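# Examining the three-dimensional arrangement
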Amino acid sequence: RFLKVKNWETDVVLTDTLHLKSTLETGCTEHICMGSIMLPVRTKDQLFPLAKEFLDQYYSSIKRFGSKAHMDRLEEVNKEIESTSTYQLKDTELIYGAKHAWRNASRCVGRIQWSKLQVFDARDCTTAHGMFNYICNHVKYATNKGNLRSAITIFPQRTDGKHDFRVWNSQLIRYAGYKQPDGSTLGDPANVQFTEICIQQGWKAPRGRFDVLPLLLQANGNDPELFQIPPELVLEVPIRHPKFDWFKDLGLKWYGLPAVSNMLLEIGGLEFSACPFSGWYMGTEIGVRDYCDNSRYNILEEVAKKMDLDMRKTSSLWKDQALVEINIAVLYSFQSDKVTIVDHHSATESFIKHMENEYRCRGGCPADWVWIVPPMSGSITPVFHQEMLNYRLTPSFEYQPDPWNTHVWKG
Amino acid sequence: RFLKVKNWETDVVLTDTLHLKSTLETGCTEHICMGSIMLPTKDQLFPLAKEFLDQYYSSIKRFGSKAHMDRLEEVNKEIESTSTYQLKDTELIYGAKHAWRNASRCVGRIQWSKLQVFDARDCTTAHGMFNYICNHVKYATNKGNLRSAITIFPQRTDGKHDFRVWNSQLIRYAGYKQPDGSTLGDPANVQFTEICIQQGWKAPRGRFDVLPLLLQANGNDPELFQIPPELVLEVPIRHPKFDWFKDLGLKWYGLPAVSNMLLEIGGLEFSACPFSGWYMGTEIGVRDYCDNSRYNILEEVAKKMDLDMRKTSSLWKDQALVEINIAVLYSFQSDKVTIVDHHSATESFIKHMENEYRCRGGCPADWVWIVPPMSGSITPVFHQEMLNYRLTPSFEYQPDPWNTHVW
Ligand code: HEM
Ligand code: HEM
Ligand SMILES: CN(C)c1ccc(CCNCc2ccc3ccc(N)nc3c2)cc1
Ligand SMILES: CN(C)c1ccc(CCNCc2ccc3ccc(N)nc3c2)cc1
Ligand SMILES: C[C@H](O)[C@H](O)[C@H]1CNc2nc(N)[nH]c(=O)c2N1
Ligand SMILES: C[C@H](O)[C@H](O)[C@H]1CNc2nc(N)[nH]c(=O)c2N1
Ligand SMILES: [Zn+2]
């Protein structure tokens, strides 16, 4: 079956055959679309077909499908599964797998970069101190003094579900949030629960507006342990505006490295519950969501006051005016400090080219419009006008529950 | 089977039961979501009539009454006899209002119950249609104090006697392709404009030429009529800060009046059912003015603002976009023509959603369309999970008449 998608601005029509390779469910049915819903122990039974599907993919990609090396690998994996109930990926397969999980991430606008990903194999790691060391190295490598490089660090896979490696932080670098007795929040409201956990675990909070959170690291199903990332490895950018000199006085800064550390990487039926990865920021992540979300730093008003906008009526679009200048400031600040960042115009323009390339060479490109379209200036980006098909391919990154909700405490 | 939607900004959770009454299909499957795709007999008829009459009589607290059963058998008799049936005025009004209520792509639905329904089922000719349309236009425009309305022409019979308005909106600007290669006026309306011209329209070949109506009655060939200019309320666009803005020569019309959709009620099809409300500012400022395939004036405005258009990272497009939308809202408000900004409208819609979940068990909503085309995440709807499903009565798309018309 062939599915077509149209760009209504260019009239470019693309044909998707790749969706036929999709096995996982979407959440939607013929009777309901759940496109805007945020989030809608394994036996050898189901494991070998998942292994086999993956190895077929891997061997095709290297143009060795049906080769003796291919057949021997399947044989080897089958025996390892049936005798040990799981299996180990080769380094090559792991790298391929991690790149392809990124390639298949339908919510990622940055996928033009998918083939350039530094894979750090941390499957020999056994302790939290070991994890801390690997994470420091990842951060140093990825930061590269401002010339950001995409990377992922992969810790040992799940076994019985009782010995999971987990990074309890949602991102490797993130600011603390503190609920005040008066109901207000100091720092990042998104991180209040996690901050409370760290504090309970013994973290001494400075209690400021931009305190880099400690790492809370779980190796092999043991209770998680606290580590402070060397401050010298945490690159931060003071936010100023190229025209508004009062902007610096808002006291804003942000960190340079976005490094998501709470997702699950699935490759060939194997589950990597700790696989922190990092690229670089699109400006709106910080300027629109992090700064201007009502449930985050929420600085729109303070900014709009300082610009002396008419704030009596929303129809002045004071919020829209303030939002733009803030986003200008984020981009200006990162560029001036030579920290990698991309604006949403560049990023979405590159995504369209990527997506067209993928349709040609791959027969498709799963894309979640709801997430690909930037949170400001939507229709003046080309992706707004692009029809997209969302489906699930493996390897993939998946959500997993927060570890404090499932962890069995050892004491 | 009972579905929850969450608002991630306010933590409000609503439970949807209304989707279970859904009948039509979405285009999506368990294996693929098509949420971003723009367009994904007597025996057929009586269950449809029945489903509709059931909800009608339930809405007036007479479910399972004598009058309900009576109406049900009367319509039943009429279907067996005539192969169709006719809605009572009360049923027609209920159906039209609910078609709007059910329009998952409409952010303005808090107004759904305040709709003026004009019954034009007695209409037989294009001149008749013209008259009804002028009346609609005058009524809805109301000297700038806009009122929602729909005019309903006779229903489809055998598909050979369709009433159709060929225009996509009652009021729209012409588009002409130049020898210069570019496009004068509205590029969206190039094809329709040509059809007017080959049907006899004498175009002024200007930038903002109000198109003439092309009206088809009873499956006959369509005819041209000029809407009396005096009924077409237009707004010169100026900026409350930039004096040069007026020099751009921009204007827009006050009345958004969609005329090409199909209204389905109780299995009956109304192929000509133009309706109108009032504008949300971004439709004009963001889409009409800034879309590349529309009037595409961003560059010109940016230049007038003297912005650094060297690099995209200066966000000059975003700066210009905001000012354009400021001008639009400012101009309409200054001339006392009803308009709503995207902040006010989405905030209203959140309240409507909660009303509908509370009083009806749900509200079908298409996030891709409900989230405005600028400043998305600073409006509440961005953080609102929505379930999209198809309820009837409904407004549907239908093919452009010129591809279907046996001339
Ligand atoms: C290199 C530059 C990159 C850019 C500019 C970029 C951009 C983005 C953005 C803006 C989002 C939306 C995030 C949000 O709104 O929360 C996203 C999502 C995502 N990205 Fe990328 N990304 C990059 C690299 C990567 C890498 C290296 C990976 C993995 C190896 C990745 C995997 C993902 C995944 C799995 C999501 C979905 C997250 C979720 O569902 O919560 N991205 N990306
Ligand atoms: C009264 C003020 C109203 C406002 C502010 C409003 C707002 C909107 C907006 C912004 C859209 C998106 C349209 C687009 O982007 O092309 C829309 C779509 C729609 N509206 Fe409303 N509307 C109003 C009145 C009405 C009325 C009176 C009806 C019918 C009786 C209606 C039925 C629809 C339908 C069926 C759609 C989907 C159009 C499509 O699928 O192409 N609206 N509305
Ligand atoms: C629970 N809530 C409110 C919630 C949780 C996660 C999300 C999405 C987090 N996605 C973050 C994410 C993931 C991968 C990325 C890759 C690159 C980049 N620049 N940013 C990236 C950002 C949204 C809401
Ligand atoms: C096929 N293409 C290019 C295409 C067709 C229809 C559309 C959407 C047309 N619907 C416009 C529309 C419909 C109903 C409305 C009701 C009120 C209002 N203010 N605007 C309204 C605007 C977009 C693109
Ligand atoms: C409810 C809605 O799905 C939710 O707010 C989504 C919308 N689109 C998004 N898009 C991106 N990139 N990131 C997000 O967090 C969200 N949030
Ligand atoms: C491809 C995509 O579905 C298309 O551009 C949609 C996106 N959202 C929209 N939303 C509204 N309100 N109106 C539109 O025309 C569109 N266009
Ligand atoms: Zn869907």
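Residues numbered from 1 in each chain as written, not as in the entry; some residues may be left out. Chains lettered and ligands numbered in written order. Heavy atoms only, no water.

X-ray crystallography is the method the PDB entry states for this structure, with the resolution given as 2.000 Å.

You'll find chain B entered in the PDB entry as Nitric oxide synthase, brain, with Rattus norvegicus given as the organism. The title attached to this entry in the PDB is "Structure of rat neuronal nitric oxide synthase heme domain in complex with 7-(((4-(Dimethylamino)phenethyl)amino)methyl)quinolin-2-amine".

The PDB entry annotates chain A as Nitric oxide synthase, brain of Rattus norvegicus.

### Notes on the site of ligand 2
Residues and elements named next belong to chain B. Quick reminder of the rule: Put simply, a residue is near a molecule or strand once any heavy atom of it comes within 4 Å of that molecule or strand. Between N or O atoms, a polar contact is any pair within 3.5 Å; within protein, one atom must be a potential hydrogen donor and the other a potential acceptor, and residues adjacent in sequence are included only when both atoms are from side chains. Note on residue classes: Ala, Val, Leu, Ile, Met, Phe, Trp, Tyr, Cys and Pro are nonpolar, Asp, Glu, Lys and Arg are charged, and everything else, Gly too, is polar.
Inspection of the region around ligand 2 gives 18 residues, with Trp 100, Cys 106, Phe 275, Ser 276 and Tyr 397 positioned closest. Residue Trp 100 places a side-chain N or O atom 3.4 Å away from a nitrogen atom belonging to ligand 2. In this structure, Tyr 397 approaches ligand 2 through a side-chain N or O atom, which is 2.4 Å from an oxygen atom. For the shell around ligand 2, the per-class residue count stands at 12 nonpolar, four polar and two charged.

### Things to note about the coordination of the iron atom of ligand 1
Our working rule: As a rule, N, O and S atoms within 2.8 Å of a metal are its donors, except that Na, K and Ca use 3.2 Å; water is not among the atoms, so sites may look incomplete. Only DSSP runs of H or I reaching four residues or more are called helices, and only runs of E reaching two or more are called strands; each is numbered from the N terminus.
The protein gives the iron atom of ligand 1 a lone donor atom, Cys 108 of chain A (SG), placed 2.3 Å from the metal. In this structure, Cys 108 of chain A sits in the loop between α3 (91–103) and β3 (118–121).

### Digging into the side chain of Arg 109 of chain B
All names here are of chain B. Stated precisely, the cut-off is as follows: Relative accessibility thresholds used throughout: buried, under 20% of the residue-type maximum; exposed, over 50%; partly exposed, between the two (1.4 Å probe, protein chains only). Neither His nor the chain termini are counted; the positive set is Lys and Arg, and the negative set is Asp and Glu. Salt bridge criterion: a side-chain nitrogen from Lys or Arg within 4 Å of a carboxyl oxygen from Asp or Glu. Any pair of residues with heavy atoms lying within 4.5 Å of one another is described as a contacting pair.
Relative to the elements of secondary structure, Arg 109 occurs in the loop between α3 (89–101) and β3 (116–119). Lacking a salt bridge, the buried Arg 109 has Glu 356 as its closest oppositely charged neighbour, with an N-O distance of 6.1 Å. Here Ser 104 takes part through its backbone oxygen, which lies 3.4 Å from a polar atom of the side chain of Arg 109. Not counting the four nearest positions on each side in its chain, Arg 109 is found in contact with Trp 100, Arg 101, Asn 102, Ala 103, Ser 104, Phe 349, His 352, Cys 363, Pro 364, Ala 365 and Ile 370.

### Focus: the domain arrangement of chain A
Residue and element names in this part refer to chain A. As a reminder of what qualifies: Note that the domain bounds were set by an automatic or database domain assignment. Summed over both partners, the accessible surface that disappears when two parts come together, traced with a 1.4 Å probe, is what is meant by buried area.
Examined at the domain level, chain A breaks down into domain 1 (16–123 + 150–160 + 264–278 + 348–372), domain 2 (124–149 + 164–235 + 399–403) and domain 3 (236–258 + 281–346). At the interface, 22 residues of domain 1 touch 17 residues of domain 2. Summing both sides of the interface, domain 1 and domain 2 together bury roughly 1600 Å²; the carbon and sulfur share of this comes to 60%. Among the residues of domain 1 in contact with domain 2, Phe 155, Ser 273 and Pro 276 are the three that bury the most area, contributing 28% of the side total. Counting the contacts that link domain 1 with domain 2 gives one salt bridge. Of the charged contacts, one joins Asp 164 and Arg 158 as a salt bridge, the two residues approaching to 3.0 Å between their closest N and O atoms.

### Details of the sheet that holds strand β12 (residues 257–258) of chain B
Residues and elements named next belong to chain B. Where we set the bar: For two strands to be treated as a pair, DSSP must find at least two bridges joining them. Lines fitted to C-alpha atoms define the axes, with helix axes restricted to the stretch in contact, and inter-axis angles between N-to-C directions lie between 0 and 180 degrees.
If you trace the four strands from one edge of the open sheet to the other, you get β3-β4-β15-β12, paired in mixed fashion. The open sheet has two edge strands with one neighbour each: β3 and β12. The sheet contact formed by strand β4 (residues 149–152) and strand β15 (residues 275–276) spans two bridges and is antiparallel. Bridge assignment links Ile 150 to a residue of β15, and that residue is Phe 275. Where α3 meets the sheet, it contacts β3 and β4, and its direction lies at approximately 130° from that of β3. Helix α4 (residues 126–141) rests against β3, β4 and β15 of the sheet, and its axis sits at about 170° to β4.

### Some points on the sheet that holds strand β18 (residues 394–396) of chain B
Within a beta sheet, neighbouring strands are joined by backbone hydrogen bonds and run either parallel or antiparallel to one another. Residues and elements named next belong to chain B. Strand order in the open sheet formed by three strands is β14-β13-β18, with antiparallel pairing between adjacent strands. Each end of this open sheet is capped by a strand with a single partner; those strands are β14 (268–270) and β18. On average, each strand axis in the sheet is inclined to that of its neighbour by 30°, with strand direction left out of account. Inspection of the sheet shows strand β13 (residues 262–265) paired to β18 by three bridges, in the antiparallel sense. Across the sheet, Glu 264 pairs through a bridge with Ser 394, a residue of β18. With respect to the sheet, α3 is in contact with β13, β14 and β18, its orientation differing from that of β13 by roughly 120°.

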